Each structure stands twice: as structure tokens, then as C-alpha cells.
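>>> Sequence first, structure after, both from an experimental entry:
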Amino acid sequence: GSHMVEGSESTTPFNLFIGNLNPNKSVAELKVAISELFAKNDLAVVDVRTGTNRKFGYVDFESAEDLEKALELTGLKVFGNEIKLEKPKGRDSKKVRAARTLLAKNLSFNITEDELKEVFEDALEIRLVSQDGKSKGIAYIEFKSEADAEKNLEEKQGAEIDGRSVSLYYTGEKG
RNA sequence: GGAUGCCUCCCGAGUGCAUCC
């Protein structure tokens, strides 16, 4: 994995995420509002995309130039409530079914990493979903790759974490 | 003649599908 695997490829890295748009009027509109703004703000919004019906909106800046001017002209705001400007992403966890991952179904409503990592081994990302606040009885895990995923998967596929031989399917694809 | 269910964990998530009554 020299250097890296997946990376960004656009006009310029200068990016920025917009959170807290307030899903009241209409996200689509909220994102646009910020758009038209970037247009009448004397510049050319490099990137402009949305994320999940009501998650957030991403955007790229022409460069320190257009970026500087923007920051200087706070204003922005969807309509009334302010928003958050920052780009912590750097990757993609959604719309990627966790490429090279493995989800575990059927839980004991009291499992953790002990029994989890216990059944698995090549699991780089161990996470369980089931703890009060509306139980679920389902755990999720990620693998450094599909190779180890399929192997371990089909392997532990038949275990016994809750007297029901916990479930474990694959999730993702490749890229 | 009728209609809906689902994709968990996880900051870009929507070229999204199936069957039943």
C-alpha cells in the first residue's frame, strides 16, 4: 500500500464541508442558497455536491485566493441560522458499502470485542450495534481487504456467540 | 385492478431493486 490507495482527483484540493443547514425549508434549496452565493460572491465554486437527503453539503474552493475572499465575507448562512465550515472527511464511508468489509448479524444483545475479535481475527474495524436506546442485536466489522474478509467470513460464518451461531455477511465491493 | 419492504455499524448516500394481494 505504498503512498496510498484511494485519493481525491479534482481541480484543487481546497475543500470545505457545510454542516447544520437546518433541514426545515428544503436541503436541496439550502445547498443551492450557499451555491448561488458562492457565485455572486465574486468567484467560481470549484466543487458543489450534497450528502444524504439531510446530512451536509461539500464544496471545493478555487484556491487560497477565492477561499480567502470567502472567509472574509462570512454572510453565507442557509437563511437565518449559521453553519459550520470545515472539511474532516478525506475519505468516503457511505455509498461504498464499506468496500472490503464484513457485517455480523444475530447478536446476544450483550456482545463486545471479546467475543467478536474472538471469533474473527483479521478484523481491523470491530464495531457492535446493540446497547439500550432501542436495541438492534446486530454487529458490524471491517476488513483490511476482501481476501481476508471472504476467508474469515465463510469461516466464522458458522460459530456460536449467542447459541444461534452469529451471522456474518460481506459488505462493500471494491472501490 | 391494488401496493409496499428494504440497504445496521460507520461525514460525498442514492445510474436502487423485488415480490405479493
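All right, it came through fine. Numbering: from 1, shown residues only, chains lettered A, B, ... in the order given.
>>> Torsion angles phi and psi at residue A:150?
phi -60, psi -50 (degrees, to the nearest 10).
>>> dump the residue contacts of it.
Shown in contact with residue A:150 (Cβ atoms under 8 Å, 6 or more residues apart in numbering): residue A:170. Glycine gets a C-beta too; all of them are placed from N, C-alpha and C.
>>> Next: residue A:164.
residue A:106.
>>> next one: residue A:54
A:23, A:27.
>>> Give me the three-state assignment for residue A:17.
Secondary structure, DSSP: H, G, I helix; E, B strand; the rest coil: residue A:17 is strand.
>>> Neighbours of it, how many?
Neighbour count of residue A:17, defined by other Cβ atoms under 10 Å: 17.
>>> in the sheet, who's paired with it?
residue A:58, residue A:86 (DSSP bridges).
>>> Any figure for the gap between it and residue A:89?
Taking Cβ to Cβ, to the nearest Å as the measure, residue A:17 falls 6 Å from residue A:89.
>>> and for these two, which residues touch both?
Common contacts of residue A:17 and residue A:89 (Cβ under 8 Å, 6+ apart): residue A:58.
>>> At which residues are the helices of chain A located?
A:27-40, A:64-72, A:113-119, A:146-156 (DSSP state H).
>>> could you check whether stretch A:15-26 is close to RNA strand B?
Yes. Using Cβ under 7 Å from any atom of the strand, we find that stretch A:15-26 touches RNA strand B at A:15, A:17, A:19.
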